[PDB]
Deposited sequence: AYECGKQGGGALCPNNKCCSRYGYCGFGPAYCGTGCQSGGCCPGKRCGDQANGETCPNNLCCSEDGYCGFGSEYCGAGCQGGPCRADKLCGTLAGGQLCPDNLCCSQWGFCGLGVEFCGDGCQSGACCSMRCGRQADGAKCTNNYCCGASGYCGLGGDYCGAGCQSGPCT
């Protein structure tokens, strides 16, 4: 069975393994070369202002030249996406489902996704009848018990609001 990419339901490979053009995980030219879908593609996938605003898979950094990678060349000066070394303000959604903290910065972990989380992958953002009709952000679904999220547990049976199925 396929492992990754279009053929694999959009899954990513573990440990920066390249997803080949055929939807399998590995390293070397056959996986990381022409048609590489994600992982440590070589060259790096195109991104940002060089890819219609598409972000890098696997949280790679998008360089000023619009290539995906890691290192100062990618995450440092001129970085236009991913875990750039520069702080990312929000208040305006964060990219890639990153949490907008109470202080208006993008990140993951409890300081961003916990108490005061404004948007993105918040830990426990309340919604629906339990929250007096509060709406979820990011077009997330409001689950039956009144938490914002995505996936079957939130968009499935009992989904109160958002893009229920």
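**Q** List in ascending order the stretches of the deposited sequence, numbered from 1, that lack C-alpha coordinates.
**A** That part of the chain that was deposited but carries no coordinates is 92-96, and nothing else.
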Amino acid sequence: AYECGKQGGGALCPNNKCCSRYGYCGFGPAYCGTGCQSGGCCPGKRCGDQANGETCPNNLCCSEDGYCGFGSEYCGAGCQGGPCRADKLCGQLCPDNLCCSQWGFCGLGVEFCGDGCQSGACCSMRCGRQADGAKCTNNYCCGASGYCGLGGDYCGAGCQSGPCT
From here on, numbers count along this sequence of modelled residues.
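**Q** In the PDB record, does 13-21 or 140-148 carry the higher mean Cα temperature factor?
**A** It is 140-148.
**Q** So which stretch wins on mean C-alpha B-factor, 122-130 or 102-110?
**A** Per the deposited B-factors, the answer is 122-130.
**Q** Can you pull the Cα B-factors for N97, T34, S38, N59 from the entry and say which is highest?
**A** Among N97, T34, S38, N59, the highest C-alpha B-factor in the entry belongs to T34.
**Q** Using the B-factors in the PDB entry, rank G116's C-alpha atom against the chain and give the third, lowest, middle or highest.
**A** Middle third by C-alpha B-factor.
**Q** Ranking every modelled residue in this chain by its Cα temperature factor as given in the entry, which third contains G76?
**A** For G76, the deposited C-alpha B-factor lands in the middle third.
**Q** Splitting the chain's C-alpha B-factors into thirds, which one does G66 fall into?
**A** For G66, the deposited C-alpha B-factor lands in the highest third.
**Q** Within this chain's modelled residues, let me know which third the CA B factor of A86 belongs to: lowest, middle or highest.
**A** According to the entry, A86 has a C-alpha B-factor in the chain's middle third.
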